[PDB]
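Following: one structure in structure tokens, then a few remarks.
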Amino acid sequence: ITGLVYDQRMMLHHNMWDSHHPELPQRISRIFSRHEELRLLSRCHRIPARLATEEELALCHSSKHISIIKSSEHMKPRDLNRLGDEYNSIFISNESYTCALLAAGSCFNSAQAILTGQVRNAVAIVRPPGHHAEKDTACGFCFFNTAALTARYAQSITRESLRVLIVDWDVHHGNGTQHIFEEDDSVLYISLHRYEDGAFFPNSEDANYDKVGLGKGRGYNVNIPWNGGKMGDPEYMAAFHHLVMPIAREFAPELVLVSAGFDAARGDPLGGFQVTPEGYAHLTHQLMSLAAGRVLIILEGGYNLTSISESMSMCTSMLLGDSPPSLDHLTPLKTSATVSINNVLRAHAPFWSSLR
Ligand SMILES: Cc1cc(C)cc(C(=O)N(CC(=O)NC2CCCCC2)Cc2ccc(C(=O)NO)cc2)c1
Ligand SMILES: [K+]
Ligand SMILES: [K+]
Ligand SMILES: [Zn+2]
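Under this note's numbering, think of the first position of the sequence shown as 441, with each following residue one higher.
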């Protein structure tokens with residue numbers, strides 16, 4: 441029923457100059473170990489990992505960007521150090537390119553397994569993350585945009601115009617995913633992210649609510665930016681009820697990809713929010729009502745090892761069919777959260793009749 445892909449070879453990507461960098465190899469092994477402790481692994485169908493090909497990376501990335509990252513596979517440490525400093529917040533090791541290939545190819549196999557009907561949904565415990573990677577550059581711990589590539593891969597084996605919904609609940613804006621699909625009406629990108637008027641990473645006004653897409657893509661980019669607050673379950677539930685789910689139902693996606701960063705969880709040193717594991721489980725179960733249940737959960741950020749292990753395991757439990765948790769929908773929101781939601785409603789009401 442539920443697929444799961446994990447490969448410890450993705451642990452080889454590491455930071456040679458700061459072993460305490462929070463994007464640790466143990467991120468994925470701790471999540472995998474938690475699935476075993478909770479006896480969820482044996483309930484899933486193990487999907488094998490594989491390398492994405494260079495032709496598949498070219499679905500979203502330029503040949504120059506593919507070539508440069510590929511060239512790092514055999515660089516000396518001094519060259520890996522210099523190459524990394526040419527990007528915003530990037531460390532590179534000799535294994536980084538292969539791990540990025542394995543992360544993308546693992547989601548390709550997961551999407552294919554969903555599209556053949558072999559599994560109903562799937563989880564991908566992969567690293568390095570992807571949603572900060574742009575067409576021509578790496579950024580924010582990301583080399584290739586795994587979620588964006590998986591969307592294009594799905595279209596390449598079913599129908600070119602297959603309607604794919606990408607929900608990005610990582611605490612950071614997926615600037616790479618937004619730009620790749622900004623003019624595309626076949627891929628709806630909805631991102632919830634801490635914004636702080638543009639001061640939170642990645643420090644760009646591209647993440648604001650008035651960025652709704654370009655050309656034919658107008659209305660197919662939904663930014664839900666949080667400002668001046670410590671958001672948690674009530675704010676994310678309200679955004680799904682008023683924004684994500686009404687838009688997603690009207691879009692009627694045929695496939696749902698979740699850029700699932702868990703750095704908005706309580707205790708995360710980079711996020712500062714307090715979304716609980718039950719909150720992530722509620723969001724997952726909501727998305728399962730779409731696309732006849734065809735949901736692929738792809739790991740992005742998340743850096744409290746205990747928090748991400750519990751949170752993603754709760755999402756897998758939901759995909760396996762376990763009963764969703766009960767949450768108080770009457771809890772009052774932070775006042776700035778209501779302002780954020782109303783700003784998004786005003787910006788997207790001219791494009792979605794479900795908001796009018
Ligand atoms: C180079 C570096 C390393 C580490 C471990 C963290 C950070 C960091 O503090 N950052 C967020 C931030 O506010 N930087 C400001 C920008 C304005 C001027 C001064 C610092 C970067 C970052 C990138 C990606 C992700 C992610 O992918 N999360 O899922 C998280 C953090 C930098
Ligand atoms: K996000
Ligand atoms: K779009
Ligand atoms: Zn993040």
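Note that beta-carbon positions come from the ideal geometry of N, C-alpha and C, so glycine has one too.
Item to complete: Grab me the residues of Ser469's own chain with a C-beta within less than 7 Å of its C-beta, minus the 5 sequence neighbours each way, in chain order.
Response: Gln448, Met451
Discussion item. With three or more C-beta pairs closer than 8 Å as the rule, is the segment 668-675 touching the segment 708-724?
Written reply: Result yes; three or more Cβ-Cβ pairs closer than 8 Å.
Item to complete: Using a threshold of 9 Å, state whether the C-beta atoms of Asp703 and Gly742 are closer than that.
Response: yes
Discussion item. With a threshold of 8 Å (Cβ to nearest heavy atom), would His461 be considered close to ligand 4?
Written reply: no
Worksheet item: Taking the continuous beta strand (DSSP E) assigned at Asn661, which residues delimit it?
Response: 661-666
Item to complete: Please confirm if the segment 476-492 is in contact with the segment 542-559, defined as three or more CB-CB distances below 8 Å between the two stretches.
Response: yes
Worksheet item: Exposed or buried, what is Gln595 when buried is set at 16 or more other beta-carbons lying within 10 Å of its beta-carbon?
Response: By the 10 Å Cβ count, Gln595 comes out buried.
Fill in: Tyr446, DSSP secondary structure in three states
strand
Discussion item. Using CA atoms only, rank isn't needed, just tell me which of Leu464, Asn783, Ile554, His460 is closest to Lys651.
Written reply: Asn783
Worksheet item: Quick one: is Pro488 buried, meaning 16 or more other Cβ sit within 10 Å of its Cβ, or exposed?
Response: exposed
Item to complete: Report the residue from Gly557, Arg567, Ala562 whose alpha carbon sits nearest the alpha carbon of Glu535.
Response: Shortest Cα-Cα distance from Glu535 to any of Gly557, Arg567, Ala562 involves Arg567.
Worksheet entry | Of the listed residues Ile748, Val662, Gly524, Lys516, nearest to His475 (C-alpha basis) | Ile748
Practice prompt. Thinking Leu785 and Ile565 are a contact (beta carbons under 8 Å), I'd like their distance in whole angstroms, please.
Written response: About 35 Å separates the two Cβ atoms, so there is no contact after all.
Discussion item. What does the alpha-carbon distance come out to for the pair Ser780 and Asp768?
Written reply: 20 Å
Discussion item. With H, G and I counted as helix, E and B as strand and the rest as coil, what does DSSP make of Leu542?
Written reply: helix
Item to complete: May I ask you to verify whether the segment 755-764 touches the segment 602-618, counting CB pairs closer than 8 Å and requiring at least 3?
Response: no
Worksheet entry | First through last residue of the alpha helix (DSSP H) which encompasses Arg634 | No alpha helix (DSSP H) contains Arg634, which is instead part of the beta strand (DSSP E) from 627-634.
Worksheet item: Counting along the chain, where does the alpha helix (DSSP H) carrying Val563 start and finish?
Response: Where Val563 is concerned, there is no enclosing alpha helix (DSSP H), although the beta strand (DSSP E) it sits in stretches over 561-565.
Practice prompt. Report back the beta-carbon spacing between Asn663 and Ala647 to the nearest angstrom; my notes put them in contact at under 8 Å.
Written response: Contact flag correct, Cβ pair sits at about 6 Å.
Practice prompt. Specify the secondary structure class of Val779 as computed by DSSP and reduced to three states.
Written response: helix
Worksheet entry | Range covered by the beta strand (DSSP E) that runs through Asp608 | Under the DSSP assignment, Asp608 falls in the beta strand (DSSP E) whose first and last residues are 604-608.
Worksheet item: DSSP state of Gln726, grouped into three classes?
Response: helix
Worksheet entry | Reference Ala731; option with closest CA among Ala688, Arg486, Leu520, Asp519 | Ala688
Worksheet item: Buried or exposed: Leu541, going by 16 or more other Cβ atoms within 10 Å of its Cβ?
Response: buried
Item to complete: Indicate whether the contact test is met: 3 or more Cβ pairs, each with one atom in the segment 720-736 and one in the segment 602-610, closer than 8 Å.
Response: yes
Discussion item. If you follow the alpha helix (DSSP H) that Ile508 is in, where does it begin and where does it stop?
Written reply: 503-511
Item to complete: For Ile441, I'd like the list of residues in its chain whose CB is within less than 6 Å of its CB, leaving aside the five on either flank, ordered along the chain.
Response: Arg560
Practice prompt. Measure the C-alpha to C-alpha separation of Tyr593 and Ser644 and round it to an integer number of angstroms.
Written response: 28 Å
Worksheet item: So, is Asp458 buried or exposed, given that buried needs 16 or more other C-beta atoms within 10 angstroms?
Response: It is exposed - the Cβ of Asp458 has fewer than 16 other Cβ atoms within 10 Å.
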